[PDB]
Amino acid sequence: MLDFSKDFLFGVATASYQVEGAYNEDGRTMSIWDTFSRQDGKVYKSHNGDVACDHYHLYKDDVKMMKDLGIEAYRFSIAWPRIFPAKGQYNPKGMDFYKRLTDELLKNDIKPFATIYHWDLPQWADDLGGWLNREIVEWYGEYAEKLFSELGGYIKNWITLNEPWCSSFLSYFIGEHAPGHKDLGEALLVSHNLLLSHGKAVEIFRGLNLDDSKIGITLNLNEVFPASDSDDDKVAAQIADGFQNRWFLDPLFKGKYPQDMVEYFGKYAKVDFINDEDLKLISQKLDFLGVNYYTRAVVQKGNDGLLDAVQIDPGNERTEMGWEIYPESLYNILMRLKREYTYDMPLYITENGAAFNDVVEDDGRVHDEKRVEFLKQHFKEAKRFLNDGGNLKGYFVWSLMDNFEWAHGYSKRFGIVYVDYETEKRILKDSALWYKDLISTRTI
């Protein structure tokens, strides 16, 4: 009778630096993204998160807004520079924000899902080497354990890292994200230290044996298609798939980096950070996996160089990011996890959503019909996965509101709610009204 059971969580997601603002208040010190956004050329028109959506001050209105939509769960991140503004220096005022945030959520029947690290590493940590310095495993563990002990009565669903592929390859190899290095060997080592920090937090978490509390990790995953049936394109797809997906799925869920990628990367950089003890910590059992899904890739062999597959445009509709709208890969990825990696483990879609050219019309409304159709198509694939025996527990739309989209600044709008940044006014887009109906009827 219900496409989505009463227990299925309809959610929305944000991230601290993208929405909070109040960047220099109540003891907060700079993150690497504060620093990076002030370096010339790194962020669209030198946008930064100084103010963002001012959600730090407006959080009560934002929670009321979610309550009126019937939101059942809210994924947010916790800002490390608020909690430890300096090495070893706990800031109770920073903790107080997350207590009053999560108190507000619970009192409005919204379940909190907290992301421990969503890219806003404290500048003091990066000055000590950041994710390149293996000591970060201990700094992160100290941070996580403080959150578990202070917030464990408030939060029962924890995510160690958001999208470690971005924090490693996009930040240290491609250089689009903070801190903006361009060195494959660095990005490979960072990926390992991120995964090792993840394992440290899981170890600490299990030792607390908190009542009714779950821990997992969030991975951005795609599906890679070869442009043709040639052997050239099949190897290209295999490499692209190992680069995005298997490089993280395999150590976490198989206890082993993917050997084809280890050999491929080893032709270009050192891969000597791999060892048995680290992989055992990395692959500790999780309670759930969070899946961030947006699009697929169609790839063709490039010119034999490092990760130089040519991106094929198959000619289909795309978002403002240039990302193809291909809802079937949401089903294919969830099925692939079920058949190859996570099996019967609970799965959450921790991000899915789209950037479109949103405009407030003369009627004061945002008629974002393309986003309505986008979300409708992807929720239909989630329902199909559930009806085929998939263990999907919830679905978080990215994002609750338009926000600071990293190197794109405020020029990409992902919200189901529009933010007029001059006034900080919230305007429900038609997609939020559609989502409200979906939560109410649980029918699609």
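Residue indices: 1-based, along the sequence shown.
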Looking only at CA atoms, which has the higher mean B factor in the entry: 366-374 or 123-131? 123-131
Identify the stretch, either 234-242 or 271-279, whose C-alpha atoms have the larger mean B-factor according to the entry. 271-279
Going by the deposited entry, which of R75, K93, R336, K214 has the highest CA temperature factor? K93
Can you tell me which of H198, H192, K256, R318 has the maximum CA B-factor listed in the PDB entry? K256
On the chain's distribution of Cα B-factors, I110 falls within the third called middle
Based on the entry's values, in what third of the chain does the Cα temperature factor of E405 lie: lowest, middle or highest? middle
Which third, lowest, middle or highest, does the CA B-factor of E142 fall in along this chain? middle
Among all modelled residues of this chain, ranked by Cα B factor, put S399 in the bottom, middle or top third, i.e. lowest, middle or highest. lowest
Tertile call for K425 (CA temperature factor, within chain, third-based) is the highest
